[PDB]
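Enquirer: Protein chains in written order, with the deposited numbering: chain m, 34 to 64; chain 8, 104 to 203; chain f, 48 to 68, 77 to 212; chain P, 61 to 180; chain W, 51 to 99; chain 6, 27 to 272; chain e, 42 to 279.
Provided herewith is a single structure, encoded as structure tokens, for subsequent inquiry.
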RNA sequence: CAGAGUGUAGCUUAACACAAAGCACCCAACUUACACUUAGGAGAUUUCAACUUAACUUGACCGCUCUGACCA
Ligand SMILES: [K+]
């Protein structure tokens, strides 16, 4: 399954906050 | 912000469940590789008895296997009639050069 | 002592691989592939890093030698979009592409099918898998471009 | 006044002791031994024992290691063992488990250092 | 440099058993090692390899 | 000149052709564990154990004690697993272990240990102290009947005798209070001997106390075959051993 | 020749089109991971601008000093409002398609999250049976080459399959049920080869009675007990 | 469906009893990652009856592995 290694967090000590967004591709599919 | 006792207790209990859930993911993935490997090896042994020449070709490497490219799944499927906006892509990657 | 039956009880250097102070690529045999590069490209750094970690750990479980695990240089791409009722392109978003490579060797001819099936099923969404054969060009692509050598080489041309 | 086994300076651990505390940690259990330099075990406390296991939620955590120290310290006093050496590795000594086991032994009365031999 | 006391030889405390530039022989029970890797007896007894 | 080994040499079963594919230790702890195992095995070359290890007799030690108790492992294992489930089910137990605030009751541990592993731990400890070597010329027994000896010191205190704990001659001036679990109609003999007290003869002992034909556990009603004598370890002679044998 | 007839089957698989839904525990862990990530992160540029903007709005109230405040024209929350409006206007593709509600087991569009296997119905001895596409081995051809040929024999198919390796991933050995059971023709031996459906699909001429695309769970409805036991070993459902 | 063999969680010729053990394994932190270390997690005798003993012996009962029937 795609969830095998998809539950993650930024493994850095110093990093700015990141926000989840949907990247709409050119065929309409999203990720 | 300091976490409350109830929160730290809820996070500790959730992670304890995560160890067992991931332990069962690996087991399913570890029993699938075994099943596939056994069936393949069993089939290859049966293919050697039937015809040795075909078995020799079966165990050879496939030159056309690589390069092997596969994209991951999408979140939502493609839209049949979706028109993307017009735009341009401008690569702004810094080029590093070694001097001396 | 030499004459005694216990001669050589303290030998140990035949049990260790010799250490030698770039690296020759070993082309695969008829039944085993050569050095293989497993590229993992994703628009999200955490997904590529997480899957590269999964593939490394999976290869350890399967006794597949991992020659090297390294990251390729990140590529930043500006995404301009034509404005409404206008001919000017305005900067919309900046998308970075992060790539991770898990370099393996010694993959078997028969087991290659099973290995590829497992590492594609666990592929996260938005992560691209590309299994290529290692070449000198792949290794050289990791190093800075030398402009001085190009100018001096151009004179010879 | 008894001889301690001096020497073995190039290997680990030392033999220069009369009694030593030796802790064995496995995947499921925690065992602590007090043994004489000649190799004889004097007293022991293990989470494999039902007397200890029945009171422990887990026999493999820090609490189990602290409990083994408290049980062993009492058994040491009943056997007459008041002194012993403990020979941990750098990572073992820094571990929170071993620090709690050592505190349990010292609070229980056992001294984890041995007196110097008298030569004269 | 070499063995000064062979197998079975009686030694006294302090007697140098062997001298070596490298650790050919290692110190055992009741055997000290000097700053220059010199092996000497810490007790009176019989040398054993 | 060379001589063939008298047996299998170390590091011989290692296949040197597949060295790169062989598993390595990777940790100091994994090598040490294997190293300690090899050191204990018998070898055909000269070893430290040969010259310094005590020369134990090859024949096993004759057992002269009471028969082991018969226990149903199946029922015992079932009850033990059930108890662990009940303890682990309690949520307050999990938080105490997770927060490292839990503790065991030492009083209960000793009571259970005295019923279960106590006898074997006492035998192992008695063998270390040399009692079986001296008292029974090497024959060993499992002390399956717990013996509780206590010297009354003052009017409100007791000095318990365990298995090697130090008791001073002043505390042992009078006969101790001896109590053990015994059925009705049984007979017992209790003695006290000083293994090391004897002044003239090295191999002999001193009989400090002898009580015979004790009915049940009523030690006071036994026949005083030998009256009680307090220990008299001589000055400068070291630490002596006094053993109560039931 | 040999008594056993050599056959080459093809296990053509359509890999998941969309990601699989998160389970209840995975959702809890995903929320915790998001919370931890926010907790240990530094302030983002957006957060800083919102803070400064709120601060600069305060000083204007306290003191009439303007300081241009060009960027203050649009606030950080005002931008967030515009971003959400455009999102609510876009309609995402349906992860559950019409074929999932109609239950059309002949279309690829159904069951996007799970893997599908191709099953073609073939008539043996006046009896219809569901089997993986197969062809008979012929001299001068590798055993995999027989599987590559099965696609060409498929009826009005425009599909490009990627074959993984040369070795077979399974086998099923059966004997004819006494019909044409002879020393020359004792039975058959099918060898399965896995392939991935890169792109393409069948035509609209003949769809229903020909083929179906089924997940591994609903794979037994069509295959036989013994034929199923051998197919459920190399068909993964990870 | 029949005939044989077979029986501790993944492996073990671990289990005398004092006890279901050792390793392998899963998560987290450290590590680019791996490894190591620390701190946690999950586990088994197929089920009953026979000196009551018995994970161990004999029987049935279950699961398993092959050999045939059944088979496209
Ligand atoms: K004496």
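Beta carbons: idealized from backbone N, C-alpha and C, even for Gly.
(1) Taking the DSSP output, what are the residues bridged to residue 125 (chain f)?
(2) How long is the line joining the alpha carbons of residue 58 (chain e) and residue 179 (chain 8), rounded to whole angstroms?
(3) Could you list which residues in chain 6 have their beta carbon closer than 7 Å to that of residue 140 (chain P), in chain order?
(4) My assumption, with CB atoms under 8 Å, is that residue 88 (chain e) sits in contact with residue 42 (chain m). Please give the rounded CB distance.
(5) Inspect the beta-carbon positions of residue 103 (chain P) and residue 81 (chain P) and report whether they are closer than 8 Å.
(6) Given a threshold of 16 other Cβ atoms within 10 Å of its Cβ, counted over all protein chains shown, does residue 72 (chain P) qualify as buried or as exposed?
(7) Scan the stretch 201-231 of chain e for residues whose Cβ lies nearer than 8 Å to a Cβ of chain f and list them as they occur along the chain.
(8) What three-state label does DSSP hand residue 130 (chain 6) in the structure shown?
(9) By Cβ distance below 7 Å, which residues in the same chain neighbour residue 179 (chain f) in space, the five residues on each side in sequence not counted?
(10) Nearest-angstrom Cα distance between residue 61 (chain P) and residue 264 (chain 6)?
(11) Please report the straight-line C-alpha distance between residue 155 (chain f) and residue 111 (chain f), rounded to a whole angstrom.
(12) Is residue 208 (chain e) near residue 237 (chain e), with beta carbons less than 8 Å apart?
(13) Please name the residue, chosen from 80 (chain e), 248 (chain e) and 268 (chain e), that lies closest to residue 196 (chain e) on a Cα-to-Cα basis.
(14) Straight-line CA distance for residue 68 (chain f) to residue 121 (chain 8)?
(15) Just verifying my parser: in three-state terms, what is the DSSP assignment at residue 120 (chain 6)?
(16) Does the Cβ-Cβ distance between residue 158 (chain f) and residue 189 (chain f) come in under 8 Å?
(17) Return no unless some Cβ of chain f is closer than 8 Å to the Cβ of residue 57 (chain m).
(18) Let me know the secondary structure DSSP gives residue 77 (chain 6) once reduced to three states.
(19) Going straight from the alpha carbon of residue 66 (chain f) to that of residue 230 (chain e), what length do you get?
(20) I'd like the span of the alpha helix (DSSP H) that includes residue 111 (chain 8), first residue to last.
(21) How many Å lie between residue 185 (chain f) and residue 170 (chain e) at the Cα?
(22) Are the C-beta of residue 253 (chain e) and some C-beta of chain 8 separated by less than 8 Å?
(23) Does residue 169 (chain f) come out as helix, strand or coil in the three-state DSSP assignment?
(24) Given 8 Å as the limit, is there contact between the stretch 209-224 of chain e and the stretch 185-199 of chain 8, that is, 3 or more CB pairs closer than that?
(25) Specify whether the stretch 118-136 of chain 6 and the stretch 121-139 of chain P touch according to this definition: at least 3 beta carbon pairs, one from each stretch, less than 8 Å apart.
(26) Any heavy atom of ligand 1 inside 7 Å of the beta-carbon of residue 157 (chain 6)?
(27) Does residue 69 (chain e) have its Cβ less than 8 Å from a Cβ in chain 8?
(28) With a Cβ-Cβ cutoff of 8 Å, do residue 46 (chain e) and residue 228 (chain e) count as a contact?
(29) In chain order, what residues of the same chain have a beta carbon less than 7 Å from the beta carbon of residue 203 (chain 6), not counting five sequence neighbours either side?
(30) Taking buried to mean at least 16 other C-beta atoms within 10 Å of its own C-beta, is residue 28 (chain 6) buried or exposed?
(31) Tell me which residues share the same chain as residue 133 (chain 8) and place their Cβ nearer than 7 Å to its Cβ, disregarding the 5 neighbours each side in the sequence.
(32) So what's residue 100 (chain e) in DSSP terms, helix, strand or just coil?
(33) Who are the near neighbours of residue 90 (chain e) in its chain, counting only those whose CB is closer than 8 Å to its CB and skipping five residues on each side?
(34) Are there any heavy atoms of ligand 1 lying less than 7 Å away from the beta-carbon of residue 224 (chain 6), as far as the coordinates show?
(35) Using 8 Å as the limit for Cβ to Cβ distance, is residue 134 (chain e) near chain 8?
(36) Measuring CA to CA, which of 126 (chain P), 145 (chain P) and 146 (chain P) is closest to residue 167 (chain P)?
Expert: Let's see:
(1) 156 (chain f)
(2) 8 Å
(3) 190, 191 and 192
(4) Actually they are not in contact, since the Cβ atoms of residue 88 (chain e) and residue 42 (chain m) sit about 18 Å apart, beyond 8 Å.
(5) no
(6) exposed
(7) 205, 206, 207, 208 and 210
(8) coil
(9) 102 and 106
(10) Near 11 Å, if we compare the C-alpha coordinates of residue 264 (chain 6) and residue 61 (chain P).
(11) 11 Å
(12) no
(13) 248 (chain e)
(14) 44 Å
(15) helix
(16) yes
(17) no
(18) helix
(19) For residue 66 (chain f) and residue 230 (chain e), the distance between alpha carbons rounds to 52 Å.
(20) 108-153
(21) 39 Å
(22) no
(23) DSSP places residue 169 (chain f) in helix when its eight states are reduced to three.
(24) no
(25) yes
(26) no
(27) yes
(28) yes
(29) Same-chain partners within the cutoff: 176 and 178.
(30) exposed
(31) Within the same chain, no Cβ atom closer than 7 Å to the Cβ of residue 133 (chain 8) is found once the five residues on either side in sequence are excluded.
(32) helix
(33) 112 and 117
(34) yes
(35) yes
(36) In this structure, 126 (chain P) is the residue among 126 (chain P), 145 (chain P) and 146 (chain P) with its C-alpha nearest to the C-alpha of residue 167 (chain P).
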